[PDB]
Amino acid sequence: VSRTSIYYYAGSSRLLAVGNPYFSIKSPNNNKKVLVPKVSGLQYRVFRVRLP
Amino acid sequence: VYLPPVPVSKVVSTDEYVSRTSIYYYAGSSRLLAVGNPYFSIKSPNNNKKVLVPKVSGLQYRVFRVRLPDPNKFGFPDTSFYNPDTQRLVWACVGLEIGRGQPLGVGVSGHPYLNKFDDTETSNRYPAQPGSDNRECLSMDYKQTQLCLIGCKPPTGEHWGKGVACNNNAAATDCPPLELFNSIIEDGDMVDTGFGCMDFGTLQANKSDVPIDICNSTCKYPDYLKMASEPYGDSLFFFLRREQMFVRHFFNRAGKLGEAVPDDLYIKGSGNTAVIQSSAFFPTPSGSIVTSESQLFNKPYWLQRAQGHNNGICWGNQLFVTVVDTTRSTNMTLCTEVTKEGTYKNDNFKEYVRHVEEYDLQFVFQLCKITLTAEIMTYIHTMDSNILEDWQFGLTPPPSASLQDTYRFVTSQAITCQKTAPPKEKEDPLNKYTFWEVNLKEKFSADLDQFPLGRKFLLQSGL
């Protein structure tokens, strides 16, 4: 591997992240989609960033 | 084919065009006097708009707006080092000190109708209690908070409240959307103690689970990301912050369980377990131990370069400082008897409770004379017309014109009404808002060595 001196910025904006601590709630009598997901911080947190 | 989309003119920090001198000027104030009730301003009961006894707590926000005299409206013996025509003059803060001459101590409070149900700390035996009114008189504590922050622009608040709803929709409950709002941190409003940064009037139908001073309030959070987002560097020059917290006990809410748990994840029981108990738990905010050594204050704090593009430089002769201390937020207690006897009864005595704070300051600055060129005068009005017009120099028209006449008439409003928009100069956006204000314009001093920070300073500089 070589090395260039060509540096670049990468910065995101604000994110939407809010919701239910305990469990996802499906649509009643549909139960294929969900109304509000389980949103909990003690879970692991992965994000698939997309870079050029 | 792909290309760089846009070329943009460059921004430059306030160092290279800023021509620094070596002449320094002092700031420092006398004894502060401001007091009030810890929980609520006593209205006069007849006229409940004017106060009887005010309100102040350590849990209130403490933001301050300062006032400084004009550098150009000053008498000096020797203007030899610069042209008064070609140069302008401006202040930046380089020497800083904030202390408080009170002892420590945190105030404790609570709420007399607290909506508790049962002890989820150690034991909840089965079955549970009924009751229509299950409120009690209990107290609670707070997370310990210290910070110190400084910029020429006011600190921004951000705070919770209700959110973007949708149309007439079918298969959901009240799943309430929530959208944050932004503001500016004002003075007197309450801060957070770990309960989320929302309004407590619009979200408390009971208002019987929230403490008494925050029973209607709206506590904010500082938008550290968005305050790191402005490339002026003028809303923050330097910051410190320090907090600590743990929790003592655990209890649950009391009411109709708004949403239900699916039975897939537990066994249904009967008898004592034919019911399903309320389980909307919460912690007990406590905070922690205090030292004489974890302080953020009462020391010399020299600055060498402010954290953004502005180098500690004031505009409009003002700054904006925020300090929190619940550490010195303990409260006094009064007792006056009404009658006299040789026999003790509790119905003889009258008890008041107050909350006191003192603040003090000491600063030193340095003159940076600023010459005025063509590339300079184009640069400032893109930021502000306001910092230009003070110099009484002249005016640049913001257009040179446009390509539209925009429907010229002479005939003065007889058939079809349109918007005419009568403006007002209004002379400040801050005219609706309250901060704590102070003067410097006759506390002026060039000498430093009568003053402990200036006595602290000249050993840094060795002069």
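For peptide A:21-27, the mean count of partner chain Cβ atoms within 10 Å of a residue's Cβ comes to 3.
With both labels modelled 7 Å from their Cα along Cα-to-Cβ, the B:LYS73 to B:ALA414 distance reads 5.0 nm. Computed from phi, the 3J(HN,Hα) profile of segment B:99-111 under the Karplus parametrisation 6.51, -1.76, 1.60 (θ = phi - 60°) reads x, 9, x, 10, x, 7, x, 9, x, 10, 8, x, 7 Hz, with x in place of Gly and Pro. Distant-in-sequence amide contacts of B:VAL66, defined by a placed amide H-H separation under 5 Å and a gap of 5 or more residues or a different chain, comprise B:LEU319.
Each label point was placed 7 Å from the Cα along the Cα-to-Cβ direction; for B:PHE40 and B:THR273 their separation is 4.5 nm. Projected onto their three principal axes, the Cα atoms of segment B:349-454 cover extents of 72, 59, 20 Å, largest first.
Among B:126-139, B:33-46, what's the highest-first ranking by average C-beta atoms within 10 angstrom per residue? Don't skip to the end; give the middle numbers.
Values: B:126-139: 10.9, B:33-46: 13.6.
For the peptides B:126-139, B:33-46, the packing ranking is B:33-46, B:126-139.
Of the trypsin sites (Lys or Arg not before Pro) in segment B:300-388, the ones in a loop by DSSP (not H, G, I, E or B) with at most 14 other beta carbons within 10 Å are B:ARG305, B:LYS340, B:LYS345, B:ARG354. Placing a label point 7 Å from the Cα of A:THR4 along the Cα-to-Cβ direction, the residues of segment A:28-52 whose backbone N falls under 14 Å from that point are A:52. Computed 3J(HN,Hα) for segment B:445-454, one whole-Hz value per residue from the Karplus formula 6.51 cos²θ - 1.76 cosθ + 1.60 where θ = phi - 60°, is 7, 8, 6, 10, 8, 8, 9, x, 5, x, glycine and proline marked x. In order along segment B:191-207, the phi-based Karplus estimate (6.51 cos²θ - 1.76 cosθ + 1.60, θ = phi - 60°) of 3J(HN,Hα) comes to 10, 8, 10, x, 9, x, 9, 10, 7, 10, x, 6, 10, 10, 5, 6, 6 Hz; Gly and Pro are listed as x. Dividing the convex hull volume of the alpha carbon atoms of segment B:99-174 by its residue count gives 261 Å³ per residue.
On the principal axes of its alpha-carbon atoms, segment B:1-59 has extents of 74, 48, 21 Å, going from largest to smallest. Annotation: amide H of A:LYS38 within the under-5 Å range of A:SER24, A:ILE25, sequence separation 5 or more or interchain, hydrogens built in the peptide plane. A cut-off of 5 Å between modelled amide H atoms, ignoring neighbours fewer than 5 places along the same chain, links B:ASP360 with B:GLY99.
From the alpha carbon centroid of segment B:20-83 to that of segment B:122-201 is 31 Å. For chain B, relative contact order (Cα pairs under 8 Å, six or more residues apart, normalised by length) works out to 32 percent. The three principal axes of the Cα atoms in segment B:204-353 give end-to-end lengths of 71, 69, 32 Å, sorted in falling order. Within the protein assembly as shown, the proportion of C-alpha pairs whose separation exceeds 41 Å stands at 43%.
Which value at 222 nm does chain B reach when only helices count, each DSSP H run of 4 or more adding -39,500 (n - 2.57), with the total divided by all residues and rounded to the nearest 500 deg cm²/dmol?
On the way: 4 runs with 28 residues, N = 463.
Calculated from helices alone, the mean residue ellipticity at 222 nm is -1500 deg cm²/dmol.
A Förster distance of 22 Å, applied to the separation of the beta-carbon atoms of B:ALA172 and B:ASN216, puts the FRET efficiency at 0.15. The mean sequence distance of close C-alpha pairs (under 8 Å, at least 6 residues apart), as a share of the length of chain A, puts its relative contact order at 27 percent.
For neighbour counting, all protein chains shown are included, and Cβ atoms are generated from backbone atoms with ideal geometry for every residue, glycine included. None of the figures in this text is laboratory data; all of them are computed from the coordinates on show.
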